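Visitor: Fold the following and give me the result.
(5 chains)
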Amino acid sequence: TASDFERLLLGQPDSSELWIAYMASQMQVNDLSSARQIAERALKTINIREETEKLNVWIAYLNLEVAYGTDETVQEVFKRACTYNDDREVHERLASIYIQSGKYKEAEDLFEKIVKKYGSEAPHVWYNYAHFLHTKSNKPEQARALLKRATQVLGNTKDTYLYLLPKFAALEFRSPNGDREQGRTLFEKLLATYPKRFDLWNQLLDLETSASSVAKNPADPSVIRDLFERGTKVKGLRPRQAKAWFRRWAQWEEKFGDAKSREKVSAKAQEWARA
Amino acid sequence: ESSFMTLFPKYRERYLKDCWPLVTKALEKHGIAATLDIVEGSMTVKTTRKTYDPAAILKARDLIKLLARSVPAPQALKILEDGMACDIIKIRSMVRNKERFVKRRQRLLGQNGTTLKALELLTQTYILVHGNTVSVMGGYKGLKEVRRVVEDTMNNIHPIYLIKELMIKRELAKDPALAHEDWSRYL
Amino acid sequence: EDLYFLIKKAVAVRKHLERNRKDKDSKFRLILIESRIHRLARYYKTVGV
Amino acid sequence: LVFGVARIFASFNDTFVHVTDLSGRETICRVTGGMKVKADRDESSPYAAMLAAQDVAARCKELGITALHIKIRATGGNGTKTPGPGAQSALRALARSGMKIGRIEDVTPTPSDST
RNA sequence: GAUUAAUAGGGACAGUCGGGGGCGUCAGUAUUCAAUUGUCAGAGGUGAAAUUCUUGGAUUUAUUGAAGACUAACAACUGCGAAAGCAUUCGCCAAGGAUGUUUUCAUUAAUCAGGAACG
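Guide: Residues are numbered from 1 along each chain as shown, chains lettered A, B, ... in the order given. See the structure here:
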């Protein structure tokens, strides 16, 4: 009851989860105006340093304005939420909220807004938008076009360039509408422009030995073996990383079941250690 | 009739008046009229129809721009030469730090101007130091070279290194048997 | 009171640090106003308040 | 009295003379320092510029324009704002090959950003 | 029952000031990438050169689309911030300096071992 809620609030005023419980009881009693009243009571009486509780009240109120509210109230609370909190984070929360609510057209408008406003420094916004694209909008050509757009918007430093290119490629590998063949394109281009980057070689190795063809969920042992051969032939290997890659190959061939390839891995590890 | 014009300040205005008859009679020799405003501070050139040479208008524009750049009148009329031309190097945008900017511009000056005179003679060039801006004149090769010099000074490799490089440039260009290699082994 | 106006200016700069916790010069203004609060609150708690 | 636009891009290691139409879309003629003397050191030379200027002057008078309004620029991105001896000797050689000029305007891409 | 009101305090108010901070907004070029045309033999470097791009058209000429970056000339023997440092329009959020006041508690003051915020 409301008196029970007020007693637990005078006990714990900063408690956003109880705040959302009280206004959620107000959703169940349909008094959305008193729900707004409770939400702004949280926004006032929740203390200054509790940013996570503030953003919890905020994103709950955004859920209200998208579910039962209208366009004008959701845009004014979006403005107030970015005025009093982080713009990028409230934008991403409204984006995931649109993803959950199915409102995919205005979701796309918010996505182009946030890649305009905050694609300059966030790589994760392009990651989430390519996730949307390889999911329900189903435009992988638009996804790779916006990847080229991302290479336009960003600089060419190691983190942004050589992290959005493999994260996009991982999305290609993990989405059935994403074509792990195009993921292999992206990874081959990565290891072409930087063949010395054995952690990136390793990440390609993890991605192929994991669920590559999510349309039917195996790996592919032929190209597994070939890429492992290329990882053996590439120059620059320290013996620790070489032993780790031989161990990874042995582990995958145990998961496969081919003892012939297992003893091949052992013999080739021996002749590699011979130096 | 085609005009060029810019604006000078009053602390330059006095010297512009008391050096102007030299300037306007040299432009009379080049066949181009020129006037000075006093209530506003502008110099107005205009190509007459008796301009025998075409480049008179552009060289008069660079001339009046250097008069605005507060260079002395004899060198400012030495710009009238065929191969003589100016250049500018702004260095306040290149050095972000104020005290480091002051220190590196003083390092460019050197002790009593011996460094700038050594550069002047090594490149047959002219140097002026107007705060954040670098006015320079002379042959185009000297110009390219002294622009390299000022960006290396703001990059804080020392002008004694630079002058050593230029003297090696000079002698390795004067001997003819060595005429074409990458001589960075000698630098 | 003077302490009342000081703690008023203090809660104003606290709520602006809530608006943006990235303003470190304003956080420095917070540390100076809280030092003044500590000093004058002790010096006027000694008198009996 | 036909008019045209003669654009000039004279550096210290090459010189360009590139006449385009009055709007600046239909390239009438273009000749360089290497289509001139073709010596990679004298590729920006007043003499190569004289040769280039006579070539463009002959071809534009053959098309019958006989009057220009010269645009002049240099490496306005990062380097100097000052054009080349090719531009000097080219303007001299043009108006001493004989065509008359109205106004001349040197338009150079100044950055408000450089670094 | 309660002093001079301090030519030390702090505050309050009013007109101000600040390329002071943070956040959003408006431009400005220029660079790169993409497209379109006119291209049409080199271009691009250098002290000379080479690498490189170049009949699929480079370099060039113009027009757009995208991008990030910074804010020229004004710009200083200046100004602001304790310092790093600080230069586009506009707006907000607080704070800070100086001035004045017919404004107050009347020692609250000064210094730094320990320690703590910003590079």
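Visitor: so what's the closest residue to residue A:57 other than its chain neighbours up against?
Guide: Distances taken as Cβ to Cβ, 6 or more residues apart in numbering or on different chains place residue A:42 nearest to residue A:57, at 4.3 Å, with adjacent residues excluded. Every residue, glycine included, has its C-beta placed from N, CA and C. Shown in contact with residue A:42 (Cβ atoms under 8 Å, 6 or more residues apart in numbering or on different chains): A:16, A:19, A:23, A:53, A:57.
Visitor: do that again at 10 Å, thanks
Guide: A:9, A:13-16, A:18-20, A:22-23, A:53-54, A:56-58, A:60-61 (Cβ atoms under 10 Å, 6 or more residues apart in numbering or on different chains).
Visitor: Show me which helix runs longest in chain D.
Guide: helix D:46-63 (DSSP state H).
Visitor: and it, is it in reach of RNA strand E?
Guide: No. Figure legend: helix D:46-63 not in contact with RNA strand E (Cβ under 7 Å from any atom of the strand); closest approach 8.3 Å.
Visitor: now swap in stretch D:25-39 and tell me
Guide: Yes. Using Cβ under 7 Å from any atom of the strand, stretch D:25-39 reaches RNA strand E at D:25-30, D:32-36, D:38-39.
Visitor: Please enumerate the helices of chain B.
Guide: So, for chain B - with DSSP H - the helices run B:10-29, B:56-68, B:73-78, B:98-109, B:114-123, B:140-154, B:159-174.
Visitor: Quick one, which of those gets closest to residue D:49.
Guide: helix B:140-154 (12.8 Å; Cβ to Cβ).
Visitor: got the buried residues for the closest one?
Guide: B:140, B:142, B:143, B:144, B:145, B:146, B:147, B:149, B:150, B:152, B:153, B:154 (16 or more other Cβ atoms under 10 Å in any protein chain shown).
Visitor: Let me see the contact set for the residue in chain A positioned nearest to chain B.
Guide: In chain A, the residue that lies nearest chain B is residue A:155 (19.4 Å; Cβ to the nearest Cβ). Going by Cβ under 10 Å, 6+ apart, residue A:155 touches A:120, A:161.
Visitor: quick one: it and residue A:144, what's the gap?
Guide: 20 Å (Cβ to Cβ, to the nearest Å).
Visitor: circling back to that earlier point, which of the helices of chain B sits closest to residue D:20?
Guide: Using Cβ to Cβ, the helices of chain B put helix B:56-68 closest to residue D:20, at 20.4 Å.
Visitor: contacting residues for the closest residue to chain C within the stretch 101-250 of chain A?
Guide: Closest contact between the stretch 101-250 of chain A and chain C, by Cβ to the nearest Cβ, is at residue A:121 (14.0 Å). Shown in contact with residue A:121 (Cβ under 10 Å, 6+ apart): A:88, A:153, A:154, A:160.
Visitor: thought residue B:70 was touching residue B:19?
Guide: No. With contact defined as Cβ atoms under 10 Å, residue B:70 does not count as touching residue B:19 (11.4 Å).
Visitor: what do the two both touch?
Guide: Contacts common to residue B:70 and residue B:19, judged by Cβ under 10 Å, 6+ apart, are residue B:76.
Visitor: Could you report the distance from the most centrally placed residue in chain B to chain A?
Guide: Chain B has residue B:136 as the residue nearest its centroid, 2.0 Å off, counting by Cα atoms, centre = their mean. Separation of residue B:136 from chain A (Cβ to the nearest Cβ, to the nearest Å) stands at 34 Å.
Visitor: any idea where the strands of chain D begin and end?
Guide: Assigned by DSSP state E, chain D shows strands spanning D:5-10, D:15-20, D:27-32, D:67-68, D:71-73, D:100-101.
Visitor: circling back: the residue of chain A closest to chain B and residue A:168, how far apart?
Guide: 17 Å.
Visitor: Check residue A:157 too.
Guide: Residue A:157 is 16 Å from residue A:168, by Cβ to Cβ.
Visitor: do residue A:212 as well
Guide: In terms of Cβ to Cβ, residue A:212 sits 15 Å off from residue A:168.
Visitor: and if you look at residue C:17?
Guide: Distance from residue C:17 to residue A:168, by Cβ to Cβ: 38 Å.
Visitor: give me the residue from chain C nearest chain D.
Guide: residue C:22 (26.7 Å).
Visitor: That residue falls within a helix, correct?
Guide: No. The assignment for residue C:22, made by DSSP: H, G, I helix; E, B strand; the rest coil, is coil rather than a helix.
Visitor: burial measure for it, as a count.
Guide: 9 (other Cβ atoms under 10 Å in any protein chain shown).
Visitor: mind checking how far it is from residue B:82?
Guide: Taking Cβ to Cβ, one finds residue C:22 at 60 Å from residue B:82.
Visitor: got it, and residue A:193?
Guide: Residue A:193 is 50 Å from residue B:82, by Cβ to Cβ.
Visitor: before we move on, what about residue C:26?
Guide: 62 Å.
Visitor: more neighbours, the two?
Guide: residue C:26 (15 against 12).
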